[PDB]
Amino acid sequence: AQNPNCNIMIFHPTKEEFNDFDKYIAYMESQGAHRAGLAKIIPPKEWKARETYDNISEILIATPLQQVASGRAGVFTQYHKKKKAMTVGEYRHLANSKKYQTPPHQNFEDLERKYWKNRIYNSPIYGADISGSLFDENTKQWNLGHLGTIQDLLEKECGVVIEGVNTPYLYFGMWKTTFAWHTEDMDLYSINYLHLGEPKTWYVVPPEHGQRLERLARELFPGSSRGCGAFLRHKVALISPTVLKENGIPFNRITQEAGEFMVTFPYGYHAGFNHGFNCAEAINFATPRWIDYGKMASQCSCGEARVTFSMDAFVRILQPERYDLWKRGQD
Ligand SMILES: O=C(O)CNC(=O)C(=O)O
Ligand SMILES: [Mg+2]
Ligand code: NI
Ligand SMILES: [Zn+2]
């Protein structure tokens with residue numbers, strides 16, 4: 001069995017290997033990359049996502065989210081307070097202000113220590129989940145706006161034609177902006193490209209150990225667990241590496257820098273934080289190996305998780321027994 005310790009693997013495809021996206025994902029899996037839940041892909045030196053980032057300041061962040069924490073430094077939830085719209089140029093200036101800028105630090109490990117010590121005492125503002133793309137239309141390799149759609153994959157594997165679309169999302173971050181512990185909708189893959197700016201630190205639990213993280217989460221967030229049998233679908237809970245180590249939960253960590261891709265694998269729980277002003281683009285995708293994970297994915301039916309239009313068909317076809325309850329949660 002390849003990668004039996006579930007380490008995060010890093011790949012350096014050649015320009016030739018970068019042509020066929022599906023083939024390269026299958027290659028990485030042949031080497032055991034999925035066992036970690038997360039992989040890094042460094043593009044060949046010849047490749048670029050677009051020519052420059054000099055003309056992005058007029059993109060609108062219609063609903064910036066202030067991420068307000070509650071709890072203790074290693075075990076907290078966050079809620080998202082909506083703020084007034086602002087442009088990317090306005091947001092960049094805010095991220096670089098004395099109130100929000102990255103503190104002086106020695107290295108990534110020092111900054112990680114400062115994040116876990118101090119995150120809860122601040123409320124950073126995240127421009128998340130913005131439909132759009134920064135890939136040039138002429139970029140033919142690993143262009144996250146030109147991937148095969150999940151609807152087409154389900155149709156190819158299972159024969160059923162379904163409604164829905166699959167487009168990318170932009171994330172504009174600042175110091176301390178945080179992504180809570182989650183797997184993807186319907187335990188899909190994700191791919192994330194860091195277009196510009198400061199790094200993003202990731203934490204990940206191997207898919208084969210995901211239920212250990214869920215059991216810890218029910219212990220640490222006991223009111224939330226009574227409210228919903230899949231409350232990590234709410235995407236609000238944080239648990240630090242120190243707390244994970246104290247409770248024996250298997251995990252790994254890695255820092256993504258600008259110009260790098262990360263892939264999350266089905267049922268790979270992940271969480272993380274941004275080091276400073278940055279912009280990422282991410283999208284969900286599927287492969288044949290996903291189908292079995294989609295059929296077994298948990299679902300939030302309490303009303304909190306509220307998701308895209310396109311998840312309807314995935315539930316309806318892969319999980320017909322759960323469909324009626326889940327749809328009630330959507331309405
Ligand atoms: O970058 C972020 O804030 C969160 N991204 C992801 O969870 C991802 O790409 O799957
Ligand atoms: Mg612009
Ligand atoms: Ni994710
Ligand atoms: Zn719920």
Side-chain angles (χ1 to χ4, degrees), residues 37-41 50 52-61 65 67 77-78 80 86-92 124-130 132-134 144 168-174 176-205 214 217-218 221 223-238 254-256 258 260-275 278-285 298-305 307 322 325-326 329-330:
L38 184 66
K40 177 179 292 194
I41 309 93
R50 69 175 304 108
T52 81
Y53 291 90
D54 293 337
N55 305 114
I56 66 170
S57 304
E58 316 308 309
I59 291 170
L60 193 68
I61 308 170
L65 306 174
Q67 303 186 293
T77 60
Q78 57 188 9
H80 292 171
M86 79 184 68
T87 63
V88 164
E90 290 164 339
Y91 177 87
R92 180 175 64 231
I125 295 169
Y126 207 174
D129 290 317
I130 296 161
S133 185
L134 291 170
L144 300 189
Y169 293 89
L170 302 178
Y171 302 78
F172 290 95
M174 67 170 62
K176 285 170 174 173
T177 52
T178 303
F179 52 111
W181 281 105
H182 70 282
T183 63
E184 304 304 306
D185 288 346
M186 220 70 187
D187 299 340
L188 286 159
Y189 297 71
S190 68
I191 180 163
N192 183 301
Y193 182 69
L194 190 54
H195 280 284
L196 67 95
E198 303 318 305
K200 187 189 296 287
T201 291
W202 299 69
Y203 305 91
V204 61
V205 172
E214 292 174 349
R218 291 190 303 271
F221 305 99
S224 291
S225 178
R226 288 186 285 272
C228 178
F231 77 94
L232 294 175
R233 295 286 170 205
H234 309 169
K235 310 193 300 184
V236 299
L238 278 301
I254 192 171
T255 301
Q256 176 191 26
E260 307 179 335
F261 289 93
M262 306 298 296
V263 165
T264 81
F265 295 86
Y267 197 60
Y269 273 102
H270 56 283
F273 64 90
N274 298 303
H275 291 208
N278 64 17
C279 172
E281 180 168 341
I283 196 177
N284 299 115
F285 71 94
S298 67
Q299 304 297 357
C300 168
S301 310
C302 78
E304 283 301 310
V307 304
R322 291 182 168 173
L325 184 71
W326 172 80
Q330 239 46 1

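Residue numbers start at 1 and run along the sequence shown. One-based numbering, in listed order, for ligands and for the atoms of each.
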Could you pull out every N or O of ligand 1 that sits under 3.5 Å from a protein N or O, with the distance for each pair?
from, atom 1, to, atom 2, distance (Å)
ligand 1, 1 (O), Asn192, ND2, 3.4
ligand 1, 1 (O), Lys200, NZ, 2.9
ligand 1, 3 (O), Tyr126, OH, 2.5
ligand 1, 7 (O), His182, NE2, 3.0
ligand 1, 7 (O), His270, NE2, 3.1
ligand 1, 9 (O), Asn192, ND2, 3.1
ligand 1, 10 (O), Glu184, OE2, 3.0
ligand 1, 10 (O), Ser190, OG, 2.8
ligand 1, 10 (O), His270, NE2, 3.2

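Residues passing the side chain to side chain donor-acceptor pair (under 3.5 Å) test with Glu281, sequence neighbours excluded: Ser133, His195.
Between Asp129 and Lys235 there is no salt bridge, since no side-chain nitrogen of the basic residue lies less than 4.0 Å from a carboxylate oxygen of the acidic one.
Between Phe172 and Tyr91, the ring planes are perpendicular. Angles over 60° get that label, and only those under 30° would be called parallel. Classification of the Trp181-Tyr203 ring pair by plane angle, with boundaries at 30° and 60°, yields tilted.
Considering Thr255, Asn274, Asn192 in turn, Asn274 is the only one that fulfils the side-chain hydrogen bond (donor to acceptor under 3.5 Å, both in side chains) rule with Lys200.
Computed with the Zn ion (ligand 4) at the centre, the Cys302 SG to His234 NE2 angle is 100°, stated to 10 degrees.
In this structure, CZ in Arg218 is found 11.5 Å from SG in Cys228, a value given to the nearest 0.5 Å.
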